[PDB]
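# part one of the complex, untouched from its place in the assembly:
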Amino acid sequence: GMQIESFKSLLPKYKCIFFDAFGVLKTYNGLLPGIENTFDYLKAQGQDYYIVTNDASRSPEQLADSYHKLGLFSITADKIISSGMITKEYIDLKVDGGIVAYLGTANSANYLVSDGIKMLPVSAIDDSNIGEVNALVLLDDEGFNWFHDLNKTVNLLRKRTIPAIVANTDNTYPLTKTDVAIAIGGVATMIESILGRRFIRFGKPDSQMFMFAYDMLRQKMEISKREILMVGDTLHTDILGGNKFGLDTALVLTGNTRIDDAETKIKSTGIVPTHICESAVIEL
Amino acid sequence: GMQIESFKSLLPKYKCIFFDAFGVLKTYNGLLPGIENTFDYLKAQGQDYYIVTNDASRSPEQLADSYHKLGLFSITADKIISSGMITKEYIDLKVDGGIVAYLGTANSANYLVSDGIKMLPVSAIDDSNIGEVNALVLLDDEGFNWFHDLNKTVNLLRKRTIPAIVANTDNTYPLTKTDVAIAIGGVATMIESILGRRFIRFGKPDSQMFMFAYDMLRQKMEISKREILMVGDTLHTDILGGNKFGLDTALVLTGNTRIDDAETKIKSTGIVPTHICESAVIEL
C-alpha cells in the first residue's frame, strides 16, 4: 500500500527543495498546469529551492530563459544546477588544449567554448585533425547525422585514448502522449552496447551537484541534509541519488514512475522514497 | 602455446567443409588473395563444401553473383546457406498477412517478398498502417535515416506485439584497414540497449543451418558430424556454433581473431577450436 501525501503538506519540514525538471515541473507539452503556484507559494513562504537537472544541452542561463518564455519568471539561472556545469569544469581542468569533439547542436556546444580548446562536431573530425582530439562530449540527440557520426564516434574512441563524457540522462524521453525519443544518455548507451562501458557520466545519482547546492545553503543558514527535500519522478536517479547523499526524497507520480507501477518498481529496486506525492503542483 | 597447422594438411580428414565468408574467404577489400586455389583444390579432390553465413542482406543467388563478379565462378547459389533462409521460412510460417516492416535497402527486402505480405520500410509506417504491421526485420545497416527510423522502431516495438528478427551478425564489420562500421546485428544490439532483449536472432552459433547442410550430405553419403570442418574467424559464432553441433572446427587468423590475441581470447571464452590455421588459402 502507498501512502500518498500532498506536496504542500511536506514543505514545512524542509529548509530547501531540490526539484528535478522533467516529469516534475514540465513534460513533453510544456509546464505542468498550475506549477507556477508552487513557486509563488515557496516565494511567499520564503523557502529556498534549486533545480537539479541532468541536462547539459544548454547553459543554466538558457535553461532559465526557457522557463521565462513559458512564463515562470521566478526561476533564475542561479537556481539551476545542471550536470553541464560539471562537464565544463572537467573539460577546463582535465583537457589540455586541442579539440573537443561533440555530438549535438552548435548551440549545445557554445556553453563549453573556452580558451585553448576548439569545439568541433564529430562530423568535422578526420585523419587530418584526429590527433588533436583530446575529448568527446555527448550533448544533444539532435544536430547530427546518426549513421555518419555514430559510426565515426565508434572509430574515434577506438583510435583516440580520450575521455568520453555524457550527462546521465534517461535513455529515452517522452515526445508525445504515445511516443518517446532516444535521449543523449541513450545514444551513449547504444554506443556502449558496441564498445563496452566507456562514458564518464555526470549527474544524478552522483552527489556533486547536491554538494554544491548544500554548500551554498550552509554559507547562509543552519541546515542539515535531512532538511532538504529532493523531488523527482525517477527512482534510480533522483530518489536513489537523494537517499545516498542523505537528503529526504519525494517521488512524484507525474513522470517516469506511473501510479500503477510505483509499488512494483519500489519493491524490485528496493529504492524507497521518504514520501510519495501525486505531483509537485500546489493547488491555489 | 598454439599449434598452427596448414589448412591443406587438415583437408583429408573431412568429407565436407563449411566456410564462414567474411574474415575467411574475403575482407573489406574483396577476396583474400589466392583463395581461388582453395576452391580449385577442393574440386580437383572432389571434396564438398558449403558457405554458411549470417549475411541475410541478399538472396543466396545474389550472394553467389557477388563471388562471380569477383571471379570465383565455382561458388553456386546451392552452396550458399544463409541465415536469410531461416528468416524467410519463419515469416512464411509465423506471420499472418499484413505488413513486414524492415530496416535496410529495398534490394535487401526483395528476397523476403511473398504472397499475402507487403514489405515496407519502417519509414513508411505510421498510424494509418501500424495496425497491420505483423513483424519487423532488420536486414541492412544502410538504406534509412537512423535518427528518424531507429526512433520509429523503438516506438513500433513499444506499440506492436510482434516478432523483431535480425541475422546474428557481428556488431561491427571492418570497412577499411583502420575503420569499422556498425553492422545490422549491431543496430539490433543498440536498439536492445534501450528496449531490453527483444530480437529473435538467426544464424550461427545456432545449429539450424548446419543441420540443413548435414541432412543434405547424409542423403548422398556416409558422413558423421566430426567428418565436417567448420572454418571461421570468430569464436563466439563460427567456432562455438560448430563445436556445439559436433562439427570439427578450424579457427583462421585472417579476421576477427588476430594472432596476438588468439590464446587470450580462447582462454577467456573457453571456446576451443579443433585446429588453428593462418588462413583458408591453399598454396600451389
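That came through, no problem. Numbering: from 1, shown residues only, chains lettered A, B, ... in the order given.
# Phi and psi next, for the most far-flung residue of chain A relative to its centre.
Distance from the C-alpha centroid of chain A, by C-alpha atoms, centre = their mean, peaks at residue A:128 (34.8 Å). With angles defined as degrees, to the nearest 10, residue A:128 sits at phi -70, psi -20.
# mind checking how far it is from residue A:39?
51 Å (C-beta to C-beta, to the nearest Å). For every residue, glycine as well, the C-beta is placed using N, CA and C.
# Would you mark the buried spots in the longest helix seen in chain A?
The longest helix of chain A (DSSP state H) is helix A:146-159. The neighbour-count check on helix A:146-159 (16 or more other C-beta atoms under 10 Å in any protein chain shown) flags A:146, A:147, A:149, A:150, A:151, A:152, A:153, A:154, A:155, A:156, A:157 as buried.
# Would you state the strands of the stretch 151-284 of chain A in chain order?
Using DSSP state E, counting those that start in this stretch, the strands of the stretch 151-284 of chain A run over residues A:164-167, A:172-174, A:180-182, A:199-202, A:228-232, A:248-252, A:275-277.
# Let me know which of those strands is tucked in deepest.
strand A:228-232 (a mean of 27; mean count of other C-beta atoms under 10 Å in any protein chain shown).
# Can you give the strand pairings for it, parallel or anti for each?
Each strand paired with strand A:228-232, and its direction, by DSSP bridges: strand A:16-19 (parallel), strand A:248-252 (parallel).
# Out of these, the one nearest residue A:220 is which?
With C-beta to C-beta as the measure, strand A:16-19 is the member of those nearest residue A:220 (10.5 Å).
# Next secondary structure after that closest one?
Sequence order places strand A:26-27 as the next helix or strand after strand A:16-19, per DSSP states H and E.
# just how off-centre is the next helix or strand after that next one within its chain?
The first helix or strand that comes after strand A:26-27 along the chain, using DSSP H and E, is strand A:30-31. In terms of C-alpha atoms, centre = their mean, to the nearest Å, the centre of strand A:30-31 is found 17 Å from the chain centre.
# same structure, new chain, call it chain C:
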Amino acid sequence: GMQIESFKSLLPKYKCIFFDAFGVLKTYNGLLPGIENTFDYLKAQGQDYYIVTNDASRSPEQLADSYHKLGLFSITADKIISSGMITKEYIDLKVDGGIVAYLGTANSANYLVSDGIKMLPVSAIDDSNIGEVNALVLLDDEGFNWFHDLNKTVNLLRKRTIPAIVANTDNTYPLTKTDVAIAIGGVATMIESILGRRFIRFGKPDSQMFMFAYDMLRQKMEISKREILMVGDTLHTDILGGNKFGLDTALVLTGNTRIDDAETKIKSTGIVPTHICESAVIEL
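Below, chain C sits with the chains from the block before:
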C-alpha cells in the same frame, strides 16, 4: 489482447506433443493433479509425446523413475529428451581424455562418463592434476561447498583453457509457495557475473533436442513440423525455442508465466505463442 483456448481442443491437429516438465506436468507441489488423464488420452488417440527438458541433474532413467515414484507410469526413459544427453555427447566427441571436473552430486556426474574420460568433482582439483582437467560441467546446485568450490571454480577457469558447460535452466526455481532456490543455471550466471560470459549452454531455446526428437519421429512415420506441438510455461526457452524451430507453441499458465502477467510478458519480449491455455491437464 489475450485469448485463452482449451488445450484438449488443440490436440487433434498433431501427431506428437513435446512437453516441458517443470510448470507443465508438475510444480514444487508434485504432479499437477489429473495430468495422467493427458497421457492416457494421447495413448488412446494414437498420439506420441516426448518430454523436452533442460533438467540434466540426473539420467533419463532416474528422471523417469521419479515420475513412477509419484504414480505416473506413462512417462518412460525412452521418451525423456534431456539437455544432459547433449552434454554427454559433447564430452564423448569433443573432450579428449583427461578429467571432466563438475559441480554437483556424484550421482549427477558418473553416468556422463565415456571411454578416455574421468569425472572429478572440483573439490578434487589441484596443481598436480589441473593440467589434466579438460572440461567443467555444472550439474546440480547441491553436492558441493559453495564458498570453497565457487572460489575454486573461478580460479580453475582463470587458469585453464577449457569449456565450461551448463544446462540452460532458469536462474531460480520455486521451492515453496513463497521461496525460491538458486538453480544450477543460476550458479553459472553468478560465476559469469565475476568472469564474464563463459559457459556453453545446452538445451532450450537451442534447436538440438528438437532436431533429435524430429529425426526419430520421421523414421517411424510421415511427420512434419506442422504436426508437432511444443508445450511450455516459459517464453524465452520453451516458446521461443519452439517458434524458432518452426513448431506450433502452446503456452500454459500453471508455471513461470501467470495469467495476470502473460499479456505484458508477451508484449515486452515479443515472444508470441501460437496458443495460450490454462493447463496441459485435460478433462476426461
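# Stretch A:224-241: how far from the chain's middle?
Worked out by C-alpha atoms, centre = their mean, stretch A:224-241 lies 13 Å from the chain centre.
# Pull out the buried positions in that stretch.
A:225, A:228-235, A:237-241.
# okay if I get those as CSV plus distance to chain C?
Converted to CSV, the buried residues of stretch A:224-241 look like this (distance: C-beta to the nearest C-beta, whole Å):
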residue, distance to chain C
A:225, 33
A:228, 36
A:229, 33
A:230, 30
A:231, 29
A:232, 25
A:233, 21
A:234, 19
A:235, 19
A:237, 22
A:238, 24
A:239, 23
A:240, 21
A:241, 24
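# which pair in those spans the largest distance?
A:225 and A:233, at 21.1 Å, using C-beta to C-beta across the buried residues of stretch A:224-241.
# Contact residues of chain A facing chain B?
Taking C-beta under 8 Å from any C-beta of the partner chain as the contact definition, chain A meets chain B at A:141-142, A:145-147, A:150-151, A:154-155, A:158-159, A:171-172, A:178-182, A:186, A:189-194.
# rerun at 6 Å
A:146-147, A:151, A:155, A:171, A:179, A:181-182, A:186, A:189-190, A:193-194 (C-beta under 6 Å from any C-beta of the partner chain).
# before we move on, back to that, tell me how far the residue farthest from the centre of chain A lies from residue A:95.
Residue A:128 sits 20 Å away from residue A:95, going by C-beta to C-beta.
# Show me where the stretch 151-284 of chain A has its helices.
According to DSSP state H, counting those that start in this stretch, the stretch 151-284 of chain A carries its helices in the segments A:184-195, A:208-218, A:240-245, A:262-269.
# Mind telling me what element residue A:134 is part of?
Using DSSP H and E, residue A:134 sits within strand A:133-138.
# per-domain residue ranges of chain A.
A:1-82+A:205-284, A:83-204 (curated CATH domains).
# Which one of those domains lies nearest to residue B:77?
The nearest among the domains of chain A, by C-beta to C-beta, is domain A:83-204 at 30.4 Å.
# then chain D, please:
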Amino acid sequence: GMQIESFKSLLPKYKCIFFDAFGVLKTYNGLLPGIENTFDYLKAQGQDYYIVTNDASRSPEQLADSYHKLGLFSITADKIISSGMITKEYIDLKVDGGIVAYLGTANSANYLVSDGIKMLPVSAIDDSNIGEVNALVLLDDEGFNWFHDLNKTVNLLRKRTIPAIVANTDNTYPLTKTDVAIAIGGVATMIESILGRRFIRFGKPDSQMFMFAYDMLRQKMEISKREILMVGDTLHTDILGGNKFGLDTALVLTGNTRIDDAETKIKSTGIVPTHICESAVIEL
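Same chains as before, plus chain D:
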C-alpha cells in the same frame, strides 16, 4: 603512449595525499617493502594524508590496528576514510529502527551496532523476525554458510522492500600469486546476477568520501582540489573517482593495473590518470 614518472618528484605540488590501500600500501604479501619511507617523508615535509578505502569489513580503529600489527604506526584511525562510515551514517539516518540483517562476521557487524537497531546475521532470520528486518548489509565474504545464506538472502530481498547495501569492492581480490578469492562486492554482484540490480553501493568512484576529507582539510587550512593527489591501483574506482571529483590522480603499478597492461586498459576505458608511477614507495 605511456610515460612513467617518479612518485616522489610529484609530491611537492600537494598539501594532502589521498591513498587507496590495497595494491598501493600493501598486497596479499603484506605491506609494500619500504612504504614507511613514504609516510615519514610526508610528515617531515608537513604534508597530510588520508586513506580512502572501500574496505568496510572492519572499523577504522581495527583497520589502523592492522597496520600497527604489521609495524606501520604512521597510519592512525582518524586518517582512515572507509566506505563503512557512509553505510553507518545511512543506517542511522535512513533506517527506522528494527533489524539490520548482515552477511559477514560478528566483528564486521559490530561497528554498525547502534541504539535502536539489532544486528543479526541472515542465518538468524526466519518467519518470526523477518517483518522487522529493515535493511541488509553485505560486510565480509567470510562468516556465513554460502549455500544456506545466499539462498536465504535472495528470498529475504524478494520478500522485503528494504535497502540492500554493500561497499563497492572489486569482485575479487588476490590471495596468493596464483589465486583470487571472491570479495564481498562480488557476492553482491552474484546476487544481482539472479535478482537484477539491487544494491546501493558506497565508496569510490562516488564523491562522498572525497567530499568528507576535503571538508575536514579546508577547516584546518587553505586547500584547493589542485593541492590534493589521489593515488590508486584501479582505474574504474580510484582514478575515475579522483578525476570526476576534480583531483589530480596517480596510477601506481603495484596492484590491479600491471605495467604490461596499463596502456591497453587506459585505452579501452578512456580513464586517463594525471600521472603513472611504478609505486607509492619512495626512496630514502
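# Repeat for the buried residues of stretch A:224-241, accounting for chain D.
Buried residues in stretch A:224-241 (16+ other C-beta under 10 Å): A:225, A:228-241.
# okay, among these, which ones form the most distant pair?
Spatial extent of those (C-beta to C-beta) is set by the pair A:225 and A:233 at 21.1 Å.
# ok, residues contacting the longest helix of chain A?
By C-beta atoms under 6 Å, 6 or more residues apart in numbering or on different chains, the surrounding residues in contact with helix A:146-159 are A:122, A:123, A:164, A:194, B:146, B:147, B:179, B:181, B:182.
# Only alpha carbons, please: show that helix as CSV.
The C-alpha atoms that make up helix A:146-159 are tabulated as CSV, following Å, rounded to 0.1, in the frame of the first residue of the first chain:
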residue,chain,number,x,y,z
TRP,A,146,23.4,9.4,-36.8
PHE,A,147,24.5,6.9,-39.5
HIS,A,148,27.6,9.0,-40.3
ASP,A,149,28.5,10.2,-36.8
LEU,A,150,27.7,7.2,-34.6
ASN,A,151,30.0,5.3,-36.9
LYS,A,152,32.6,8.0,-36.7
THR,A,153,32.3,8.2,-32.9
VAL,A,154,32.9,4.4,-32.6
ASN,A,155,36.1,4.8,-34.7
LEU,A,156,37.2,7.9,-32.8
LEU,A,157,37.0,6.1,-29.5
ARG,A,158,38.8,3.1,-30.9
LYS,A,159,41.6,5.4,-32.2
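# near chain D, which residues of chain A?
Residues of chain A lying near chain D (C-beta under 6 Å from any C-beta): A:93, A:161, A:163, A:164, A:198, A:207, A:208, A:211, A:246, A:267, A:270.
# quick one, phi/psi of the third one?
Backbone torsions for residue A:163, taken as degrees, to the nearest 10, come to phi -70, psi 130.
# That one: how many residues sit nearby?
Neighbour count for residue A:163, taken as other C-beta atoms under 10 Å in any protein chain shown: 24.
# what's the answer for the last one, then?
Other residues near residue A:270 number 22, with proximity taken as other C-beta under 10 Å.
# Contacts only, for it.
Counted by C-beta under 6 Å, 6+ apart, residue A:270 has contacts D:162, D:163, D:164, D:198.
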